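So the sequence lines, in the order shown, correspond to chains A, B, C, D, E, F, G, H and I. The first sequence begins at 27 in the UniProt record's numbering and counts up by one. The second sequence begins at 94 in the UniProt record's numbering and counts up by one. The third sequence begins at 48 in the UniProt record's numbering and counts up by one. The fourth sequence begins at 100 in the UniProt record's numbering and counts up by one. The fifth sequence begins at 112 in the UniProt record's numbering and counts up by one. The sixth sequence begins at 37 in the UniProt record's numbering and counts up by one. All the letters of the seventh sequence, read from the start, carry residue numbers 104 to 163, 174 to 193 under the UniProt record's numbering. The eighth sequence begins at 75 in the UniProt record's numbering and counts up by one. The ninth sequence begins at 13 in the UniProt record's numbering and counts up by one. Virtual Cβ for every residue (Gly too), placed ideally from N, Cα, C. Notes for the one structure printed next.
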Amino acid sequence: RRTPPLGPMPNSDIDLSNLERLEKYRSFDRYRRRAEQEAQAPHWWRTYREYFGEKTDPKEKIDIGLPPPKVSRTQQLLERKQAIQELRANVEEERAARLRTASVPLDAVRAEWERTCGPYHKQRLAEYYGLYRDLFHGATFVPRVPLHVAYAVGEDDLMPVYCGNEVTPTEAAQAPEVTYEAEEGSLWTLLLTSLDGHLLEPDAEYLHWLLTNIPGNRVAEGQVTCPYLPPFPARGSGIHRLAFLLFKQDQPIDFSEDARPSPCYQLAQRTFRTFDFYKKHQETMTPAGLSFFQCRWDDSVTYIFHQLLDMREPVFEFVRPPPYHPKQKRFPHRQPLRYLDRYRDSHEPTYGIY
Amino acid sequence: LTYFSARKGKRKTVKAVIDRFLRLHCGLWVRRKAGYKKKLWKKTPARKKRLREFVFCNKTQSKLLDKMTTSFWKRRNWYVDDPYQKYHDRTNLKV
Amino acid sequence: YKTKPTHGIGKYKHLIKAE
Amino acid sequence: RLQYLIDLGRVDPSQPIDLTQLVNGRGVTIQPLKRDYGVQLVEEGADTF
Amino acid sequence: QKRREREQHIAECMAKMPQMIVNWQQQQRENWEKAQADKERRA
Amino acid sequence: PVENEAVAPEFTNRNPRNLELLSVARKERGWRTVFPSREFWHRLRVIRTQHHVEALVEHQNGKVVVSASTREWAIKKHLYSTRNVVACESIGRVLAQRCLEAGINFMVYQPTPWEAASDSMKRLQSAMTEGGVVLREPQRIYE
Amino acid sequence: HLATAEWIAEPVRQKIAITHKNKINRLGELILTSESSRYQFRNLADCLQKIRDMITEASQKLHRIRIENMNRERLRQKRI
Amino acid sequence: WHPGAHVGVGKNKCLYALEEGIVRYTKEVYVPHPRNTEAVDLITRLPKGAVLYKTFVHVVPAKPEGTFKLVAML
Amino acid sequence: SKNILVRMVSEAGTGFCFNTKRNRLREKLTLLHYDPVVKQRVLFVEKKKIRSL
RNA sequence: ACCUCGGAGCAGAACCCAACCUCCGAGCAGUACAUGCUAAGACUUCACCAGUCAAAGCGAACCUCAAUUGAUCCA
Ligand SMILES: [Mg+2]
Ligand SMILES: [Mg+2]
Numbered sequence: 027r028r029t030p031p032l033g034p035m036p037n038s039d040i041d042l043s044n045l046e047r048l049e050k051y052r053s054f055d056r057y058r059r060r061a062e063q064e065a066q067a068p069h070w071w072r073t074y075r076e077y078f079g080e081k082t083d084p085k086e087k088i089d090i091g092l093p094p095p096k097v098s099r100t101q102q103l104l105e106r107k108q109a110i111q112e113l114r115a116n117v118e119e120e121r122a123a124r125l126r127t128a129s130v131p132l133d134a135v136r137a138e139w140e141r142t143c144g145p146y147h148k149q150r151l152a153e154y155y156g157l158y159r160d161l162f163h164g165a166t167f168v169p170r171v172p173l174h175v176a177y178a179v180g181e182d183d184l185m186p187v188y189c190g191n192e193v194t195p196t197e198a199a200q201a202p203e204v205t206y207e208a209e210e211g212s213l214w215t216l217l218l219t220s221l222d223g224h225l226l227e228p229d230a231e232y233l234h235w236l237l238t239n240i241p242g243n244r245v246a247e248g249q250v251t252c253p254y255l256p257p258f259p260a261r262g263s264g265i266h267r268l269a270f271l272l273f274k275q276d277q278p279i280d281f282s283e284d285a286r287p288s289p290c291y292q293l294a295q296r297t298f299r300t301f302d303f304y305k306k307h308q309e310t311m312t313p314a315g316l317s318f319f320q321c322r323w324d325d326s327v328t329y330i331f332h333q334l335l336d337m338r339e340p341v342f343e344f345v346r347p348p349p350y351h352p353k354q355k356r357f358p359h360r361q362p363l364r365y366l367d368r369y370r371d372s373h374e375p376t377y378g379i380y
Numbered sequence: 094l095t096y097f098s099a100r101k102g103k104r105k106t107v108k109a110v111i112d113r114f115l116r117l118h119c120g121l122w123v124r125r126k127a128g129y130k131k132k133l134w135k136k137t138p139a140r141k142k143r144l145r146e147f148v149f150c151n152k153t154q155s156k157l158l159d160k161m162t163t164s165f166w167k168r169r170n171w172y173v174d175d176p177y178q179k180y181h182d183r184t185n186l187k188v
Numbered sequence: 048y049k050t051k052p053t054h055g056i057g058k059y060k061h062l063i064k065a066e
Numbered sequence: 100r101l102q103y104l105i106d107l108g109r110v111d112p113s114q115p116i117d118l119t120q121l122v123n124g125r126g127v128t129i130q131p132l133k134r135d136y137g138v139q140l141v142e143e144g145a146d147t148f
Numbered sequence: 112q113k114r115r116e117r118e119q120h121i122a123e124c125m126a127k128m129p130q131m132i133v134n135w136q137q138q139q140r141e142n143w144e145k146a147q148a149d150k151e152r153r154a
Numbered sequence: 037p038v039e040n041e042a043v044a045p046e047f048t049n050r051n052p053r054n055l056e057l058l059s060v061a062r063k064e065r066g067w068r069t070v071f072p073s074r075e076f077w078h079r080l081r082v083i084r085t086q087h088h089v090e091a092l093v094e095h096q097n098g099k100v101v102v103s104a105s106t107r108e109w110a111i112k113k114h115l116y117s118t119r120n121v122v123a124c125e126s127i128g129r130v131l132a133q134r135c136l137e138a139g140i141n142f143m144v145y146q147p148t149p150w151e152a153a154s155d156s157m158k159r160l161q162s163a164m165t166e167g168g169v170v171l172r173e174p175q176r177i178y179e
Numbered sequence: 104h105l106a107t108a109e110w111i112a113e114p115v116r117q118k119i120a121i122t123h124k125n126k127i128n129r130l131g132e133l134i135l136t137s138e139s140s141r142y143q144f145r146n147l148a149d150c151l152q153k154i155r156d157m158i159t160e161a162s163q174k175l176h177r178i179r180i181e182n183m184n185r186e187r188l189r190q191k192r193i
Numbered sequence: 075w076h077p078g079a080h081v082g083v084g085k086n087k088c089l090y091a092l093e094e095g096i097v098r099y100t101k102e103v104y105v106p107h108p109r110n111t112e113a114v115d116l117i118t119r120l121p122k123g124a125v126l127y128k129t130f131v132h133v134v135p136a137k138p139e140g141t142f143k144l145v146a147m148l
Numbered sequence: 013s014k015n016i017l018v019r020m021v022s023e024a025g026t027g028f029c030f031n032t033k034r035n036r037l038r039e040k041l042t043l044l045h046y047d048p049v050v051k052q053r054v055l056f057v058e059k060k061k062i063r064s065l
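Structure follows, in structure tokens:
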């Protein structure tokens, strides 16, 4: 029996009567390019994508954030052409390019990159680690405003904080310095949250470093509702990603639901839901910045368990499921002598009635 | 197989299966796989290890030789320096 | 499978030169 | 079993225990013509002794 | 006495392995060099 | 009896990256006959076109992790040409910074025989190794 | 309790503390467990044997770990 | 058939699962290794705009690798 | 009578041995092999023949 | 004339299927010497004998071909 094809089968638009005049696959690289763009395209038949590909809804994610400024593409393109034409006109780049001795300042490229198109890439990184799906249950934004944070270790050196960095708790035991490039008249807000830090329930976040009503870049007079307490990544719990996020407070708002006393290290008070928190307080403002890092267990984590948090430290551990074995059969055949050892519980011997 | 002898009228076990097999008290019988001492040069490593490993027996051929043997060979034996002590008994067997 | 609409999707000899 | 048999009182701990006192107590059978030259102690029972 | 004389015999030959091993690779290289010398005449 | 002392038996972490960082996640084995080896968690792909050069780290599911591009204005303002060996070593050096920024310490990159023999890719391979990224993973853990 | 044990000398005591930070309790007691065998005597046997092996060595994946520590160290070139 | 999604291959071209779960069959594109000359030169003879497919078995991992469990509250 | 099967012996005196095929015309061979006792690659020399094939 | 083994049609599409039915072949060869040791889980020439695939671990590097062959005792 045969059935017609539901959709248009491949290699159908082509014609077989004309075969020699057609242009051939010159190289392996041309084939895989055709194969790859074919793969990203959809197909009606059952494929690898519809089994192990996240099940994103067809509707685009909602993001009422800061739109881009209206840059004049005409003048912007002309200024770009002014830069490359004088670059090619220079004399020293010819030798340096063809002798392979040139380089580039990394931090300078980083500085101009994060101002030009960084927030789109940081948005891409955010959804990869799962910041948006865990925070807003899918809704996204674009952190247009840059954001730099550092942990002052001693006085000479410091640990930076950017998207996807590891941070030690010993260096994160104090408060960090923050800069977010705003002089801009109105207020701002900042908060530090841990997504997977909670242990009693999923989709619950803690809060370690909250500041509100910060006029301008200066951070000192910004009042704190939730005072500082470092995180506590337990041994064996794995890795916990700590998230910076920042909003554009257009006008001052009170904090009654959110107001907390002197720190007192009560996780029942520290825990809440960012989803409902955004729906109540943040209807006047919108996201402006974002960053995050990762933390792990260390000696200072053990210190705060016994001394600061006033509780016993937990000790988790990853346990795999047991190795599967089939149902026993009292007369095996063509199996090694250790068929019994695969099912015996006690490795030691024992004698029943003697 | 020689159900009643002539001098005493009792079953008689042939020493063939004694040299070939071994009993565990649960009723199981094991054996060394054949061809494990011939033409090892041509065999792949996966084959010769499969031959070196022991193998149990089906219930039928186990039942067949069980009819042959006598009750003396079926008793419980507590040997010393015997690795088969862990296996004479059975554990966690349902149906 | 033959009865299914996906039949003839993997065949490739009808493109290349026959010899 | 040794803890069990003394609790039953068939073999007295006041006197020295022996294979004779054991087999007189019928603690375990023995078949010397079946080539068993005695009896071993077994670690199973370390508790409650 | 049986395990001692064989173990020290193994230890004796053990110390001799790196010298003969270095000679072993040189044999294959001398056969490699001799291969190029002969097949050039075959060509 | 303390609220802070209250702890559940099981701890549920909703981070898929937690397992691979612990070397516990499963890497897709198979495709031995097919060229791109699925035995990875983070793969890089180079696209050396006749106009620009691209490099992007991607996850096993085909999702992009981080990208570096010669089309980006921030990178090309300081190059003479968008495809020279200088571009391949420079894009490799800046990608090493990005991988180290995004916590990507290990990753996979399978070049073809001609791609590996190319001096540009060799200097590209030398770039992130100096930056502090190695093109190898540890073997999986399980028993 | 570790620090109270007079039968252990001073340099051995803190050596066990810093090298076995995982097992110490909040109250300061070192906790140790073993469940390999069904016999509590044999369980107590290898328990003190591990303790004996610990004090002896005190009196005397990591490849991946040091890589990231080197990666973290070459990332933090930053002055105030 | 051809492997995929935790399905190894033996020397006798037999497919075998590596993870515990459900089996699935699909059809995807086939790109050989450069060493497979008969398959590499084949795709070069093909014309651009046309692509060949092949069957692929795929095992769906049912259960996760494991679970984080409390060991001691000290 | 093209090939010939030959055994080799451990020069360390351990007694580990195996077999491999050899051409009837080719000269004596000396190759490395992983001895399970010595537990590293060590040179074995083949001594005599066993059977033709 | 044949007696064993492998491939194709009969047997078109999961498996199997005979005829003194129609054809082509095999009783080797080549390259390494980790062609090392162990181990989860399964198939199996319709029984058994056999024949097969192999995760992972120790220890290391950084097999192709299709049949390509033979049990027990004994030496
Ligand atoms: Mg069968
Ligand atoms: Mg393996």
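Asked: What are the start and end residues of each continuous beta strand (DSSP E) run of 3 or more residues lying completely inside the region 156-192 of chain A, in chain order?; Found: 174-179, 183-187
Asked: Would you mind sorting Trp-122/B into buried or exposed? The rule is 16 or more other CB atoms within 10 Å of its CB.; Found: buried
Asked: Answer yes if the region 58-77 of chain A comes into contact with the region 132-146 of chain A, meaning at least three C-beta pairs across the two stretches below 8 Å, and no otherwise.; Found: no
Asked: On a Cα-Cα basis, can you pick out the residue from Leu-151/A, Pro-93/A, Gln-292/A, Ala-269/A that is closest to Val-100/F?; Found: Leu-151/A
Asked: Return the Cβ separation of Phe-270/A and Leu-218/A in integer angstroms, given the expectation that the two are a contact with Cβ distance under 8 Å.; Found: 6 Å
Asked: So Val-175/A and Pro-195/A are supposed to be a Cβ contact under 8 Å. How far apart are they, rounded?; Found: About 16 Å separates the two Cβ atoms, so there is no contact after all.
Asked: Rounded to whole angstroms, what's the CA-CA distance from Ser-156/F to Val-204/A? Just pull it up for me.; Found: 40 Å
Asked: In chain order, what residues of the same chain lie with their CB nearer than 6 Å to the CB of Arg-109/D, ignoring the 5 residues before and after it?; Found: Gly-124
Asked: Taking all protein chains shown into account, do 16 or more other C-beta atoms lie within 10 angstroms of the C-beta of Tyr-57/A, making it buried, or fewer, making it exposed?; Found: buried
Asked: Nearest-angstrom Cα distance between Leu-107/D and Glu-138/G?; Found: 33 Å
Asked: Which residue marks the beginning of the alpha helix (DSSP H) containing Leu-268/A, and which one marks its end?; Found: Premise fails: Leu-268/A lies in the beta strand (DSSP E), 266-273, not in any alpha helix (DSSP H).
Asked: Can you check whether the C-beta of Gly-95/H is within less than 8 Å of a C-beta belonging to chain F?; Found: no
Asked: Going by CA-CA distance only, name the one from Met-147/H, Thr-129/H, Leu-148/H, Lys-143/H that's closest to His-54/C.; Found: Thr-129/H
Asked: Under 8 Å, Cβ to Cβ, is there at least one residue of chain H near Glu-118/A?; Found: no
Asked: Pick helix, strand or coil for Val-122/D, following the three-state DSSP scheme.; Found: helix
Asked: Please say whether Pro-106/H and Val-97/H have beta carbons closer to each other than 8 Å?; Found: no
Asked: Nearest-angstrom Cα distance between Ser-154/F and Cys-124/F?; Found: 11 Å
Asked: How big is the Cα-Cα spacing for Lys-136/B and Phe-147/B?; Found: 18 Å
Asked: Whose CA, out of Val-81/H, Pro-77/H, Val-125/H, lies closest to the CA of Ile-63/C?; Found: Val-125/H
Asked: DSSP three-state label for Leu-92/A, please.; Found: coil
Asked: Just checking, does the region 129-146 of chain F make contact with the region 75-90 of chain F on the three C-beta pairs under 8 Å criterion?; Found: yes
Asked: Less than 8 Å separating the beta-carbons of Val-134/H and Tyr-74/A?; Found: no
Asked: For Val-103/H, which residues of its own chain have a beta-carbon under 7 Å away from its beta-carbon, when the five flanking residues on both sides are left out?; Found: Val-125, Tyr-127
Asked: May I ask which residues mark the beginning and end of the alpha helix (DSSP H) holding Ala-260/A?; Found: Element bounds for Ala-260/A: n/a, residue is neither H nor E.
Asked: Which residues, taken in chain order from the region 114-129 of chain B, show a beta carbon closer than 8 Å to some beta carbon of chain A?; Found: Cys-119, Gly-120, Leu-121, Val-123
Asked: Could you pull out every unbroken beta strand (DSSP E) segment of at least 3 residues lying fully inside the region 57-91 of chain F, listed in chain order?; Found: 78-84
Asked: Give the interface partners of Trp-235/A over in chain F, defined as CB-CB distance under 9 Å, in chain order.; Found: Near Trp-235/A there are no residues of chain F at all, since even the closest Cβ is about 20 Å away, more than 9 Å.
Asked: For the region 49-61 of chain F, enumerate the residues whose C-beta is nearer than 8 Å to any C-beta of chain H, in chain order.; Found: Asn-49, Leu-55, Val-60, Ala-61
Asked: Between which two residues does the beta strand (DSSP E) harbouring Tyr-232/A extend?; Found: 232-238
Asked: Going by CA-CA distance only, name the one from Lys-113/F, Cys-135/F, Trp-150/F, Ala-132/F that's closest to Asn-116/A.; Found: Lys-113/F
Asked: For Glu-181/G, which residues in chain A fall below 8 Å Cβ to Cβ?; Found: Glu-192
Asked: Spell out a yes or no on whether the region 361-375 of chain A and the region 29-37 of chain I are touching, meaning 3 or more CB-CB pairs, one atom from each, closer than 8 Å.; Found: no
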